[PDB]
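As structure tokens, one chain now follows by itself in the form deposited in one PDB entry.
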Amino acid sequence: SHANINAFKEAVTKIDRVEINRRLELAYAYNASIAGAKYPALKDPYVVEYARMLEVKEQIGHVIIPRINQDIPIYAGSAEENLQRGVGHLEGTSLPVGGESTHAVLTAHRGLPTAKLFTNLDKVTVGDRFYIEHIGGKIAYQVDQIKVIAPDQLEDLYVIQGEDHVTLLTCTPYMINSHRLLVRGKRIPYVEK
């Protein structure tokens, strides 16, 4: 739950520097591929192996949003039962390891009584930060843009060359769900410790 986020942190440091690196390289190449593409077409999210190099205890990292006090693991795919445990990554977009010309897209449900999750995302504001902890470390984002789009539209979801973004996508307005809320971070250097 919050308990399988620790399964992550701990299991990671049992993987040695070399192995970690090899996996990271695979993710980078995957991202380079997407960078250079010409367009995947992204099935709006409303097994999956594409991100195995990143998977540790069936998760690909976790995401921390301080403003809403969440720390939620991230699972590959927008799969139906995975969105009950945490955050799903939209296949077709960059893998959430950052780097020049990336754009990862993460997504989560709102208003599940037990989970919570992205329900409180509307409370997030340009200027807040959020952080992504994956096999090779923590990376940090600062919300530069906030947008509301019809589900048909996706142009905002694609890689912007030269730039490094992560989008936290959810449905909106609350309990109406006719459009999508996009909360966009822009990479900043990590300095929290």
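In this text, rigid core is short for the largest set of C-alphas that superpose within 1.5 Å between two forms. In this text, residue numbers run from 1 along the sequence as written.
The same protein also has a form deposited in another entry, omitted here; what follows describes it.
Engineer: So which one of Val143, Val159, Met53, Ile68 actually moves, Cα shift of 2 Å or more between this form and the one not shown once the core is superposed?
Structural biologist: Just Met53.
Engineer: Using the rigid core as the reference frame, would you say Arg110 shifts its C-alpha by 2 Å or more between this form and the one not shown?
Structural biologist: It does, since the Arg110 C-alpha is displaced 2 Å or more between this form and the one not shown after the core fit.
Engineer: Report the direction of the Cα distance change between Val56 and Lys9 in the other form, compared with the displayed form, as closer or farther; the change is 3 Å or more.
Structural biologist: It is farther: the C-alpha separation of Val56 and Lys9 rises by at least 3 Å in the other form.
Engineer: Might you say whether the CA atoms of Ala104 and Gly111 end up closer or farther apart in the other form than in this form? Their distance differs by 3 Å or more.
Structural biologist: Pair moves closer in the other form.
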